[PDB]
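Heads up: the structure comes next, in structure tokens.
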Amino acid sequence: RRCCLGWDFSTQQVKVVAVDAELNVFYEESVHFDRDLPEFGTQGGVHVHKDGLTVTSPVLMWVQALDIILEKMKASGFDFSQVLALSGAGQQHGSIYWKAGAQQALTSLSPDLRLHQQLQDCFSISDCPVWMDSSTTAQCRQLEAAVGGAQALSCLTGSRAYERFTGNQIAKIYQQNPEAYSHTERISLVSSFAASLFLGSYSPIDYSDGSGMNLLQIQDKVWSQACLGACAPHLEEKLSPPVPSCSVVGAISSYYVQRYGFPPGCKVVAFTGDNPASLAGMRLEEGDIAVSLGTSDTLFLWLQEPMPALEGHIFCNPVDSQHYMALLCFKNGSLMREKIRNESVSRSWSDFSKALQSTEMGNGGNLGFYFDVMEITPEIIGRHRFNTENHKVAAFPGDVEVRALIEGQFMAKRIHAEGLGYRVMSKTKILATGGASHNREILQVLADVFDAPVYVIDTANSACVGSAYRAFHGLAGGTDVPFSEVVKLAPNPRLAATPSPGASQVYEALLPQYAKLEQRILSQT
Ligand SMILES: O=C(CO)[C@@H](O)[C@H](O)CO
């Protein structure tokens with residue numbers, strides 16, 4: 001039973017899965033931060049600082065969690081000698097600042113001791129900024145002004161400046177703690193930091209997670225000199241050149257061979273971001289999209305060429321370094337669906353489904369926007385309802401309200417996807433996951449709006465599983481072979497809905513009208 005390990009250095013936990021050569025998951029284990037390392041005093045794996053904007057995690061908690069999980073696997077009888085390769089994912093954007101002299105500690109690890117004891121003094125910043133941080137608005141405005149504006153920054157790096165993006169965090173550390181910055185020999189993402197621990201040497205950053213920093217020129221796949229210089233001096237030397245995501249960055253350290261029994265030939269394939277790893281785990285291809293439904297709704301897009309915008313995030317693709325992917329984030333998700341259910345259909349998901357069944361595609365021309373909190377994609381707030389004549393109305397009948405919400409949410413996803421260059425193709429598959437993917441009637445609207453089949457997939461471990469798939473891709477030939485050919489053996493998602501006859505005619509006319517009403521609301525602010 002030869003296998004690969006797929007790791008996930010997440011916000012709240014470190015998780016691992018073991019996947020066999022037939023691409024079956026047969027083992028899973030985790031270490032949860034608040035529960036298993038309570039002495040760090042985190043809540044949800046992080047520290048929200050007094051300003052209410054700075055959000056960090058202790059780097060040595062992440063190292064100690066790796067020690068705990070490897071010892072927990074060993075105590076359970078995990079056979080490490082069967083591990084051919086490993087890869088992993090890191091929560092995106094978060095950064096690690098390695099102190100001058102730290103690589104000497106990494107390359108001289110003794111198997112008699114734990115990682116935490118030996119790496120105790122290796123970090124110039126103890127509290128790492130994570131993806132939840134929103135304390136760098138001044139640095140975002142500075143970076144955009146330095147390179148010719150928000151659109152110029154987006155053309156270049158796939159995104160305008162976002163507070164959590166690494167370049168803005170590095171700029172803030174340079175500005176506020178120049179002594180710690182000047183004593184930093186290396187800056188890693190959570191992904192490349194975790195890979196470095198397994199290598200026992202510094203791992204490079206991959207193209208895909210490297211695209212979440214407002215630093216990488218996504219098309220030429222080199223660091224932007226203009227972005228680097230606007231964030232902090234001598235930054236290129238601290239990052240090192242980025243690499244294709246499907247790169248063998250080295251063999252596992254002899255530390256793991258000797259301490260846990262990994263075979264000496266065990267390969268370490270470059271780590272990537274959790275969203276890129278989930279795209280690999282979901283096995284998206286050209287023409288495909290994934291809709292992750294939850295408190296936030298997240299759209300995962302495959303893109304052959306990028307059309308970066310003031311919304312969304314375009315990254316280099318982790319399973320095909322010549323192409324791209326995108327994320328579009330929607331803040332009004334499952335809480336809006338629950339509120340409409342409670343207000344209009346007696347708090348019943350069965351009546352919610354009946355409302356969709358009892359209304360026609362296109363909802364008689366009744367259109368709605370439902371943003372109780374400020375939306376990200378695009379920046380609108382409020383509930384905005386329009387009747388068949390495009391007149392603004394105060395309310396809808398309950399069944400019309402349910403369909404307006406669901407149709408509107410999915411039409412918004414299509415319009416904003418298409419704004420980044422996405423197009424539905426004949427081969428297109430739609431992957432749906434999360435709470436609302438357990439509602440066939442919701443998935444039917446999604447199929448109708450995109451005029452493409454919808455498949456349901458469990459993604460509780462998608463970043464772990466995607467990481468193990470990427471490790472197998474490395475072993476199967478890497479860049480010499482297509483990722484999709486390696487993972488054809490993995491279990492297929494199940495078909496939940498196909499577009500109803502006439503869907504194409506309904507939404508070809510309604511999508512432009514929804515897009516114009518959205519522009520009307522944005523122009524009135
Ligand atoms: O910040 C982002 C994406 O831009 C989150 O999805 C984190 O990657 C979660 O760990």
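The way I read the labels, and the way they are meant: chains A, B, ... in the order of the structure tokens, residue 1 as the first residue of every chain, and ligand 1 as the first ligand shown, with later ones counted on from there.
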
### Message
Any residue with an atom at most 6 Å from ligand 1 counts, using only C-alpha atoms and all ligand atoms. Which are they? Put them as an MDAnalysis selection string.
### Response
chainID A and resid 10:11 91:92 131 274:275

### Task
Step one, run DSSP on the backbone; step two, keep only residues of segment 264-376 of chain A assigned to strand (DSSP E); then write them as number ranges by chain.
A: 267-269, 272-273, 289-293, 297-303, 313-316, 324-330, 367-371

At most 6 Å is the cut-off: for each residue in segment 111-228 of chain A with any atom that close to an atom of segment 55-73 of chain A, write down the nearest atom pair and the distance in Å rounded to one decimal, counting only C-alpha atoms, chain first then increasing number, as JSON lines.
{"residue": "A:116", "atom": "CA", "partner": "A:64", "partner_atom": "CA", "distance": 5.3}
{"residue": "A:126", "atom": "CA", "partner": "A:58", "partner_atom": "CA", "distance": 5.6}
{"residue": "A:127", "atom": "CA", "partner": "A:58", "partner_atom": "CA", "distance": 4.6}
{"residue": "A:128", "atom": "CA", "partner": "A:56", "partner_atom": "CA", "distance": 5.0}
{"residue": "A:129", "atom": "CA", "partner": "A:56", "partner_atom": "CA", "distance": 4.4}
{"residue": "A:130", "atom": "CA", "partner": "A:56", "partner_atom": "CA", "distance": 5.4}
{"residue": "A:132", "atom": "CA", "partner": "A:55", "partner_atom": "CA", "distance": 5.9}
{"residue": "A:133", "atom": "CA", "partner": "A:55", "partner_atom": "CA", "distance": 4.6}

#### Entry: Within 7 Å of segment 205-216 of chain A using only C-alpha atoms, minus same-chain residues under 5 positions, as a PyMOL selection string
chain A and resi 92-93+157+159+161+165-167+192+221-224+227-228+242-245+270+272-273+276+315-318

### Query
Could you work out how far atom CA of residue 299 of chain A lies from atom CA of residue 323 of chain A, giving the answer in Å with one decimal?
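So the two atoms, atom CA of residue 323 of chain A and atom CA of residue 299 of chain A, lie 17.3 Å apart.
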
### Query
With distances taken over only C-alpha atoms, which of A:144, A:458, A:179, A:28 is nearest to residue 163 of chain A?
A:144

### Query
Smallest atom-to-atom distance to residue 77 of chain A: which of A:261, A:374, A:278, A:9, using only C-alpha atoms?
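Of A:261, A:374, A:278, A:9, the one nearest residue 77 of chain A, counting only C-alpha atoms, is A:261.
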
## Note on the structure
Between A:444, A:390, A:168, A:461, smallest distance to residue 516 of chain A by only C-alpha atoms belongs to A:390
